[PDB]
Amino acid sequence: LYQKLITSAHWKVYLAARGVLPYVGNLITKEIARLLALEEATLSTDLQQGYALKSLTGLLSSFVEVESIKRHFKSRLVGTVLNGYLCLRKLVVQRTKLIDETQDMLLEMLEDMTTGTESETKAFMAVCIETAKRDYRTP
Amino acid sequence: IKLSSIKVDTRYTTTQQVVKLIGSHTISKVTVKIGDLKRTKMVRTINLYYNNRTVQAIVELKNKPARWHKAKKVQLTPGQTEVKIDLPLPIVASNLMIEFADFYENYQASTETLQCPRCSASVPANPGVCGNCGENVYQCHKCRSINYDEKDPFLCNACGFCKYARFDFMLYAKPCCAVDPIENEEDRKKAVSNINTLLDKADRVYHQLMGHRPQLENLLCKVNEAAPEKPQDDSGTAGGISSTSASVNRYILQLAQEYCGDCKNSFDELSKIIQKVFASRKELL
Amino acid sequence: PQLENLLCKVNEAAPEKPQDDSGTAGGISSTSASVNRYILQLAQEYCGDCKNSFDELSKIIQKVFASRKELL
Ligand SMILES: [Zn+2]
Ligand SMILES: [Zn+2]
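What comes next concerns the included structure.

It is worth spelling out the overall build of chain C at this point. Of the regular secondary structure elements, chain C holds three helices and zero strands. When the elements of chain C are put in sequence order from the N terminus, they spell out α-α-α. Taking 72 residues into account, the globule formula puts the C-alpha radius of gyration at 11 Å, and chain C, at 19 Å, lies well above it. Projected onto its principal axes, the C-alpha positions of chain C cover 60 × 25 × 20 Å. For chain C, with 72 residues in total, the buried portion stands at 12%. In the structure as shown, chain C presents an accessible area of about 6100 Å², 57% of it carried by carbon and sulfur atoms. Computed over 8 positive and 10 negative side-chain charges, the separation of the two mean positions in chain C equals 8 Å.

What follows is about the packing of helix α4 (residues 51-64) of chain A against helix α5 (residues 67-89) of chain A. Angle between the axes and distance between the axes are the two parameters that describe a pair of packed helices. All names here are of chain A. Look at α4 against α5: their axes get within 11 Å of each other, and the N-to-C directions meet at 155 degrees. Here α4 lies roughly antiparallel to α5, going by the angle between them. As for the relative orientation of α4 and α5, their crossing is left-handed in sense. For the pair formed by α4 and α5, the contact residues are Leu 53, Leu 60, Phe 63 and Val 64 on the first element and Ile 69, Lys 70, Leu 77 and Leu 88 on the second. Here the residues of the contact of α4 with α5 are counted per class, giving seven nonpolar, no polar and one charged.

Rules and cut-offs
- Residues numbered from 1 in each chain as written, not as in the entry; some residues may be left out.
- Chains lettered and ligands numbered in written order.
- Part of a larger assembly, values for the part shown.
- Heavy atoms only, no water.
- Helix = DSSP H or I, 4+ residues; strand = E, 2+ residues; numbered from the N terminus.
- Rg over C-alpha atoms; globule rule 2.2 N^0.38 Å.
- Buried < 20%, exposed > 50% of the residue type's maximum accessible area, 1.4 Å probe, protein only.
- Areas by Shrake-Rupley, 256 points an atom, 1.4 Å probe, with all protein chains shown as cover.
- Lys, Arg positive; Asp, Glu negative; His and termini not counted.
- Charge placed at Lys NZ, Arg CZ, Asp CG, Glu CD.
- Axes fitted to C-alpha atoms, helices over the stretch in contact; angles between N-to-C directions.
- Parallel < 35°, antiparallel > 145°, perpendicular 65-115°, else oblique.
- Left-handed = near helix turned anticlockwise from the far one by under 90°.
- Contact = heavy atoms within 4.5 Å.
- Nonpolar A, V, L, I, M, F, W, Y, C, P; charged D, E, K, R; others polar.

Given below as structure tokens:
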């Protein structure tokens, strides 16, 4: 229902103006953190592990697929996408097919955001420094 | 469990029976029964080996001693007809190797010319070929194969026939889903790929449990209506439905088939896949 | 009374896990073995036994009615 109601870029931009993008980014970060704090538990396998994560990432990709929102929110989404992708790469035992699809979508979004003016890029590099500040493999 | 009931592949050496099991089993005891015992060559030592390697065919392990773990060595007295091998800890095994490692061989006068099994002519022990009919006196009585290296092997290396005894194996074990031990990143990658495939299978079957969910939701609604739909005598009578069972509410029977049959089969498949996935995750961790 | 008692036990809505036929009891397909035991007993008692007895009684009643009509 939600994706059907915002199929027009008109309402995607409206929601982005209201601040939906930071909300979905924070939700993705919280879900990935829950998965990270969950791999310390047993190897309990859950069939629907990552449906919320995959759906939130799909929503973020749908919003980013509009040029203006991408322009205005690249610098604000690069940090959260980097953090999410790095934290998802740590997953080994709890890595589910849906988690793999989410990580691939985050990689595609990050690559889509790396592209930009040298300024925007150097700004994204500054973000990368903060992400590394936030382990010999993940950095 | 009779070992014969869970073997899916078997190969032999002159002293070893190497077997692939239908699946991984946790084994606590092995009993060996010995029938038709001949006094000329009697087993003195049995070694039991195992591994939990997944193989397509047991021949891949036949001549690979470094791939086997020794579970137990047992000694027999001359003419012993039953051996109980109590393992100090249960072993998890998808393959077994039983080795007859030493013998109380009774020496005899092999110098005497042997008798041809086909024409009864006298045959010299070397080369052991009948000069009258060409029959080889050292051929396996069961499969006619000739061992080149050993003229009097304890087992036929082709078919496992033993002229000195018959061996029956009874495994006090239980079926236990398990995977091959992970060694190096090569096996780590294999295990990860297996985990991914099994998770895909688990996702597919989940859907089956959930596919029957709306059907059960619906049949339950109809059954709650408690309508006295008059008995419908369908022309098709392939199913053996007795009058009383035929008169049972169709939805009730439909519910019983959907849940106890279909939902239970799907849930059993899903639980087996989940247990195997948990074992793979535990090994990887 | 037998059907009454079966109805009373059924309305208990009690789950009694299918009792394994330790003895040589009549073979029951698992599909049907998972119904309630009281449901199957009721179906046999009423649709089988009560129906057979009622059919016999109705045949006897019709023959008695024919005999009474002829006598009258
Ligand atoms: Zn001959
Ligand atoms: Zn042979």
